[PDB]
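Undergrad: Mind looking over this structure? Questions follow.
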Amino acid sequence: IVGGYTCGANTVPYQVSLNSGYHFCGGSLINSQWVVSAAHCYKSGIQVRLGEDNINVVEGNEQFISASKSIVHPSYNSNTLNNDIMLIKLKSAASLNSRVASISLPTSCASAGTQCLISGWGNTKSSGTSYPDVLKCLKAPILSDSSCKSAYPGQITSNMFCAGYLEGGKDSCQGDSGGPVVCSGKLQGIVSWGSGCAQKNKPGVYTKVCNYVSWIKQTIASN
Ligand SMILES: N=C(N)c1ccc(/C=N/OCC(=O)O)cc1
Ligand SMILES: [Ca+2]
């Protein structure tokens, strides 16, 4: 997260870190045994880390649970990043409490102008590299589809939306991939892509979760 703020320990209780020996992506806990992340985050050997603040220090509220299975969206295209969504099942159910909590799926899509909270342990610089150890937060509005399409001609599908600031300086970034965009207590987006980070006229692009609610529910119900 570039140009954001320190969230505060366990203030984003649905935020997970995906760990394969090191943090490589964020995700969102949607019930006691399932996480939503980005398909581009796919790999084998995932351990889901819940209740994290400092990802380099055991602080006392963590739950570390290995994934039993990952399910990449059947229509995910890694070239275009269309359908950039994946579900990860935990080998055992997380213990839910105020610091480890699921986030609701949307009942309807959110509109341009809606303020959302985007979070992750990704790069905090728009040029060069600095990875924070504690969770970073950004409040950002959803942008109009017209401004999103104008920023990225030929690249925005119906399964994507832009959020952030066309002036630049405030954005998600590498390492935030797969993490949440939450608006009015609903998971509306997944950190997916963007040209660099926090660049002028290159806002963040997010997977449009409201399009996937049926797939998520039916997948969970049978797996
Ligand atoms: N909002 C952005 N500008 C943005 C967000 C996410 C990315 C993801 N890159 O993938 C590499 C990784 O995280 O492992 C790029 C740009
Ligand atoms: Ca920790």
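Chain labels run A, B, ... following the order of the structure tokens; each chain numbers its residues from 1, and ligands are numbered from 1 in the order shown.
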Against ligand 2, which residues of chain A fall within 10 Å? For each one I want the closest pair of atoms and the distance in Å (one decimal), counting only C-alpha atoms and all ligand atoms, rows by chain and increasing residue number, as CSV.
TA:
```
residue,atom,partner,partner_atom_place_in_ligand_line,distance
A:9,CA,ligand 2,1 (Ca),9.5
A:17,CA,ligand 2,1 (Ca),9.8
A:49,CA,ligand 2,1 (Ca),8.5
A:50,CA,ligand 2,1 (Ca),8.8
A:51,CA,ligand 2,1 (Ca),7.5
A:52,CA,ligand 2,1 (Ca),4.7
A:53,CA,ligand 2,1 (Ca),5.3
A:54,CA,ligand 2,1 (Ca),4.4
A:55,CA,ligand 2,1 (Ca),4.2
A:56,CA,ligand 2,1 (Ca),5.7
A:57,CA,ligand 2,1 (Ca),4.4
A:58,CA,ligand 2,1 (Ca),4.1
A:59,CA,ligand 2,1 (Ca),5.1
A:60,CA,ligand 2,1 (Ca),7.4
A:61,CA,ligand 2,1 (Ca),7.6
A:62,CA,ligand 2,1 (Ca),6.2
A:63,CA,ligand 2,1 (Ca),9.3
A:64,CA,ligand 2,1 (Ca),9.9
A:133,CA,ligand 2,1 (Ca),8.8
A:134,CA,ligand 2,1 (Ca),8.5
```
Undergrad: Contacts between stretch 68-81 of chain A and stretch 128-216 of chain A, please, where a residue of stretch 128-216 of chain A counts if it comes within 12 Å (with only C-alpha atoms); show its shortest atom pair and distance in Å to one decimal, rows by chain and ascending number, as CSV.
TA:
```
residue,atom,partner,partner_atom,distance
A:154,CA,A:80,CA,10.1
A:155,CA,A:80,CA,7.2
A:156,CA,A:80,CA,8.9
A:157,CA,A:80,CA,9.0
A:158,CA,A:81,CA,11.7
A:159,CA,A:81,CA,9.5
A:160,CA,A:81,CA,9.1
A:190,CA,A:81,CA,11.9
A:191,CA,A:81,CA,11.4
A:192,CA,A:81,CA,7.7
A:193,CA,A:81,CA,8.1
A:194,CA,A:81,CA,10.8
A:205,CA,A:81,CA,10.1
A:206,CA,A:81,CA,10.0
A:207,CA,A:81,CA,8.9
A:208,CA,A:81,CA,11.8
A:209,CA,A:73,CA,11.9
A:211,CA,A:73,CA,12.0
A:212,CA,A:73,CA,9.3
A:215,CA,A:73,CA,8.6
A:216,CA,A:73,CA,9.4
```
Undergrad: How would the residues just picked look written out with N, CA, C and O atoms as a PDB file, in the first residue's frame?
TA:
```
ATOM      1  N   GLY A 154      -8.826  -0.698 -23.633  1.00  0.00           N
ATOM      2  CA  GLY A 154      -8.770  -2.073 -24.115  1.00  0.00           C
ATOM      3  C   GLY A 154      -8.491  -3.153 -23.080  1.00  0.00           C
ATOM      4  O   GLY A 154      -8.323  -4.315 -23.445  1.00  0.00           O
ATOM      5  N   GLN A 155      -8.469  -2.796 -21.793  1.00  0.00           N
ATOM      6  CA  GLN A 155      -8.037  -3.739 -20.748  1.00  0.00           C
ATOM      7  C   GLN A 155      -9.049  -4.017 -19.628  1.00  0.00           C
ATOM      8  O   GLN A 155      -8.876  -4.983 -18.870  1.00  0.00           O
ATOM      9  N   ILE A 156     -10.064  -3.168 -19.491  1.00  0.00           N
ATOM     10  CA  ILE A 156     -11.012  -3.307 -18.379  1.00  0.00           C
ATOM     11  C   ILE A 156     -12.229  -4.116 -18.818  1.00  0.00           C
ATOM     12  O   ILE A 156     -12.996  -3.685 -19.701  1.00  0.00           O
ATOM     13  N   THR A 157     -12.411  -5.284 -18.201  1.00  0.00           N
ATOM     14  CA  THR A 157     -13.562  -6.129 -18.519  1.00  0.00           C
ATOM     15  C   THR A 157     -14.693  -5.842 -17.539  1.00  0.00           C
ATOM     16  O   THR A 157     -14.542  -5.054 -16.604  1.00  0.00           O
ATOM     17  N   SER A 158     -15.829  -6.494 -17.751  1.00  0.00           N
ATOM     18  CA  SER A 158     -16.969  -6.308 -16.864  1.00  0.00           C
ATOM     19  C   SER A 158     -16.719  -6.903 -15.483  1.00  0.00           C
ATOM     20  O   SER A 158     -17.528  -6.707 -14.575  1.00  0.00           O
ATOM     21  N   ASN A 159     -15.585  -7.598 -15.319  1.00  0.00           N
ATOM     22  CA  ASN A 159     -15.256  -8.263 -14.057  1.00  0.00           C
ATOM     23  C   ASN A 159     -14.182  -7.507 -13.261  1.00  0.00           C
ATOM     24  O   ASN A 159     -13.614  -8.054 -12.370  1.00  0.00           O
ATOM     25  N   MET A 160     -13.990  -6.243 -13.658  1.00  0.00           N
ATOM     26  CA  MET A 160     -12.968  -5.387 -13.069  1.00  0.00           C
ATOM     27  C   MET A 160     -13.547  -4.021 -12.736  1.00  0.00           C
ATOM     28  O   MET A 160     -14.478  -3.542 -13.414  1.00  0.00           O
ATOM     29  N   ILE A 190     -10.929  -7.421  -4.978  1.00  0.00           N
ATOM     30  CA  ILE A 190      -9.708  -8.155  -4.676  1.00  0.00           C
ATOM     31  C   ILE A 190      -8.590  -7.420  -5.414  1.00  0.00           C
ATOM     32  O   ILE A 190      -8.733  -7.100  -6.600  1.00  0.00           O
ATOM     33  N   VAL A 191      -7.495  -7.133  -4.724  1.00  0.00           N
ATOM     34  CA  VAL A 191      -6.338  -6.457  -5.353  1.00  0.00           C
ATOM     35  C   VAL A 191      -5.845  -7.320  -6.508  1.00  0.00           C
ATOM     36  O   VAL A 191      -5.441  -8.471  -6.304  1.00  0.00           O
ATOM     37  N   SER A 192      -5.877  -6.759  -7.721  1.00  0.00           N
ATOM     38  CA  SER A 192      -5.609  -7.552  -8.922  1.00  0.00           C
ATOM     39  C   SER A 192      -4.415  -7.012  -9.735  1.00  0.00           C
ATOM     40  O   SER A 192      -3.406  -7.714  -9.917  1.00  0.00           O
ATOM     41  N   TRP A 193      -4.520  -5.787 -10.235  1.00  0.00           N
ATOM     42  CA  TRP A 193      -3.435  -5.236 -11.054  1.00  0.00           C
ATOM     43  C   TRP A 193      -3.429  -3.725 -11.197  1.00  0.00           C
ATOM     44  O   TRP A 193      -4.279  -3.041 -10.648  1.00  0.00           O
ATOM     45  N   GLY A 194      -2.427  -3.222 -11.921  1.00  0.00           N
ATOM     46  CA  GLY A 194      -2.298  -1.785 -12.162  1.00  0.00           C
ATOM     47  C   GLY A 194      -0.948  -1.558 -12.816  1.00  0.00           C
ATOM     48  O   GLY A 194      -0.054  -2.404 -12.710  1.00  0.00           O
ATOM     49  N   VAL A 205      -6.618  -1.612 -10.189  1.00  0.00           N
ATOM     50  CA  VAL A 205      -7.692  -2.396 -10.802  1.00  0.00           C
ATOM     51  C   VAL A 205      -7.981  -3.613  -9.938  1.00  0.00           C
ATOM     52  O   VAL A 205      -7.057  -4.310  -9.491  1.00  0.00           O
ATOM     53  N   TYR A 206      -9.274  -3.837  -9.689  1.00  0.00           N
ATOM     54  CA  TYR A 206      -9.740  -4.811  -8.702  1.00  0.00           C
ATOM     55  C   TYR A 206     -10.734  -5.790  -9.303  1.00  0.00           C
ATOM     56  O   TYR A 206     -11.563  -5.404 -10.132  1.00  0.00           O
ATOM     57  N   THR A 207     -10.652  -7.051  -8.890  1.00  0.00           N
ATOM     58  CA  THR A 207     -11.640  -8.042  -9.295  1.00  0.00           C
ATOM     59  C   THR A 207     -12.996  -7.689  -8.709  1.00  0.00           C
ATOM     60  O   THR A 207     -13.106  -7.414  -7.516  1.00  0.00           O
ATOM     61  N   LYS A 208     -14.027  -7.726  -9.548  1.00  0.00           N
ATOM     62  CA  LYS A 208     -15.377  -7.314  -9.149  1.00  0.00           C
ATOM     63  C   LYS A 208     -16.145  -8.471  -8.475  1.00  0.00           C
ATOM     64  O   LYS A 208     -16.839  -9.265  -9.132  1.00  0.00           O
ATOM     65  N   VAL A 209     -16.000  -8.567  -7.157  1.00  0.00           N
ATOM     66  CA  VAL A 209     -16.469  -9.739  -6.397  1.00  0.00           C
ATOM     67  C   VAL A 209     -17.970  -9.985  -6.545  1.00  0.00           C
ATOM     68  O   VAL A 209     -18.412 -11.134  -6.541  1.00  0.00           O
ATOM     69  N   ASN A 211     -19.791 -10.065  -8.989  1.00  0.00           N
ATOM     70  CA  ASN A 211     -20.071 -10.938 -10.138  1.00  0.00           C
ATOM     71  C   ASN A 211     -19.851 -12.425  -9.834  1.00  0.00           C
ATOM     72  O   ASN A 211     -20.240 -13.291 -10.635  1.00  0.00           O
ATOM     73  N   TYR A 212     -19.218 -12.718  -8.699  1.00  0.00           N
ATOM     74  CA  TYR A 212     -18.774 -14.089  -8.391  1.00  0.00           C
ATOM     75  C   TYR A 212     -19.483 -14.729  -7.215  1.00  0.00           C
ATOM     76  O   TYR A 212     -19.115 -15.826  -6.817  1.00  0.00           O
ATOM     77  N   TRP A 215     -20.948 -18.230  -7.896  1.00  0.00           N
ATOM     78  CA  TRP A 215     -19.835 -19.188  -8.003  1.00  0.00           C
ATOM     79  C   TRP A 215     -19.203 -19.478  -6.639  1.00  0.00           C
ATOM     80  O   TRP A 215     -18.964 -20.635  -6.291  1.00  0.00           O
ATOM     81  N   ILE A 216     -18.950 -18.440  -5.851  1.00  0.00           N
ATOM     82  CA  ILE A 216     -18.371 -18.650  -4.522  1.00  0.00           C
ATOM     83  C   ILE A 216     -19.272 -19.549  -3.670  1.00  0.00           C
ATOM     84  O   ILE A 216     -18.800 -20.521  -3.090  1.00  0.00           O
TER      85      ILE A 216
END
```
Undergrad: Just the residues within 10 Å of residue A:29, please, counting only C-alpha atoms, with nothing from its chain fewer than 6 positions along; format it as a ChimeraX atom specification.
TA: /A:13-16,35-37,48,50,87-89,94,100-104,179-180,187
Undergrad: Need to verify the contact set: residue A:38, 6 Å, only C-alpha atoms, exclusion of same-chain residues closer than 6 positions in sequence. Can you return it as number ranges by chain?
TA: A: 84-86, 178
Undergrad: Which of these, A:98, A:44, A:83, A:32, has the shortest distance to residue A:10 once you count only C-alpha atoms?
TA: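 Closest residue, counting only C-alpha atoms: A:98.
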Undergrad: List the spatial neighbours of residue A:146 as a list in words - criterion: any atom at most 10 Å away, only C-alpha atoms, same-chain residues fewer than 4 positions off excluded.
TA: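 With the cut-off at 10 Å, the set is residues 150, 151, 152, 153, 156 and 162 of chain A.
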Undergrad: Output C-alpha atoms for every residue in that selection, as a compact mmCIF listing (two decimals), in the first residue's frame.
TA:
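The file below, out_27.txt, is the result:
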```txt
# COMPACT_ATOMS: atom_id res chain seq x y z
CA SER A 150 -10.08 5.75 -20.23
CA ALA A 151 -7.12 5.09 -17.92
CA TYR A 152 -6.62 1.59 -19.32
CA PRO A 153 -7.95 1.46 -22.91
CA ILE A 156 -11.01 -3.31 -18.38
CA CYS A 162 -10.86 0.84 -10.68
```
Undergrad: Within 9 Å of ligand 1, counting only C-alpha atoms and all ligand atoms, which protein or nucleic acid residues do you find, written as an mmCIF file with C-alpha atoms, in the first residue's frame?
TA:
```
data_model
loop_
_atom_site.group_PDB
_atom_site.id
_atom_site.type_symbol
_atom_site.label_atom_id
_atom_site.label_comp_id
_atom_site.auth_asym_id
_atom_site.auth_seq_id
_atom_site.Cartn_x
_atom_site.Cartn_y
_atom_site.Cartn_z
ATOM 1 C CA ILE A 1 0.000 0.000 0.000
ATOM 2 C CA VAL A 2 1.458 3.336 -1.137
ATOM 3 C CA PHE A 24 3.360 -13.601 -0.986
ATOM 4 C CA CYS A 25 -0.279 -12.403 -1.170
ATOM 5 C CA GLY A 26 -3.236 -11.194 0.849
ATOM 6 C CA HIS A 40 -2.720 -14.755 -9.911
ATOM 7 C CA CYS A 41 -1.813 -15.655 -6.306
ATOM 8 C CA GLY A 122 2.656 -4.854 -0.022
ATOM 9 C CA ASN A 123 5.252 -2.342 -1.194
ATOM 10 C CA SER A 126 5.892 3.990 -5.963
ATOM 11 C CA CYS A 162 -10.864 0.841 -10.678
ATOM 12 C CA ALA A 163 -10.472 2.389 -7.267
ATOM 13 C CA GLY A 164 -8.122 5.055 -5.987
ATOM 14 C CA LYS A 170 -2.205 6.546 -3.076
ATOM 15 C CA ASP A 171 -2.722 2.956 -4.292
ATOM 16 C CA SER A 172 -2.243 -0.733 -3.594
ATOM 17 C CA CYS A 173 0.935 -2.347 -4.945
ATOM 18 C CA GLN A 174 2.949 -5.573 -5.361
ATOM 19 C CA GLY A 175 2.481 -7.767 -2.280
ATOM 20 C CA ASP A 176 -1.072 -6.494 -1.711
ATOM 21 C CA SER A 177 -2.255 -8.897 -4.454
ATOM 22 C CA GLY A 178 -5.282 -10.978 -3.505
ATOM 23 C CA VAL A 191 -6.338 -6.457 -5.353
ATOM 24 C CA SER A 192 -5.609 -7.552 -8.922
ATOM 25 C CA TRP A 193 -3.435 -5.236 -11.054
ATOM 26 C CA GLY A 194 -2.298 -1.785 -12.162
ATOM 27 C CA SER A 195 0.468 -0.097 -14.130
ATOM 28 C CA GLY A 196 3.220 0.420 -11.535
ATOM 29 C CA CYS A 197 1.759 1.724 -8.242
ATOM 30 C CA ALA A 198 0.324 5.118 -7.333
ATOM 31 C CA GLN A 199 1.130 6.505 -10.805
ATOM 32 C CA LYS A 202 -3.103 4.624 -13.466
ATOM 33 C CA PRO A 203 -5.438 3.718 -10.593
ATOM 34 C CA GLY A 204 -5.625 0.250 -9.002
ATOM 35 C CA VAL A 205 -7.692 -2.396 -10.802
ATOM 36 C CA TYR A 206 -9.740 -4.811 -8.702
#
```
Undergrad: So that I can check the surroundings of residue A:166, please list as a list in words every protein, DNA and RNA residue that reaches within 6 Å of it, counting only C-alpha atoms and ignoring chain neighbours fewer than 2 positions away.
TA: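 Counting only the stated atoms, we get residues 168, 200, 201 and 203 of chain A.
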Undergrad: Could you write out the selected residues, including C-alpha atoms, as a short mmCIF file (atom, residue, chain, number, x, y, z; two decimals), in the first residue's frame?
TA:
```cif
data_model
loop_
_atom_site.label_atom_id
_atom_site.label_comp_id
_atom_site.auth_asym_id
_atom_site.auth_seq_id
_atom_site.Cartn_x
_atom_site.Cartn_y
_atom_site.Cartn_z
CA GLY A 168 -1.58 9.25 -8.04
CA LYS A 200 -0.87 9.43 -12.19
CA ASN A 201 -3.86 8.27 -14.28
CA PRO A 203 -5.44 3.72 -10.59
#
```
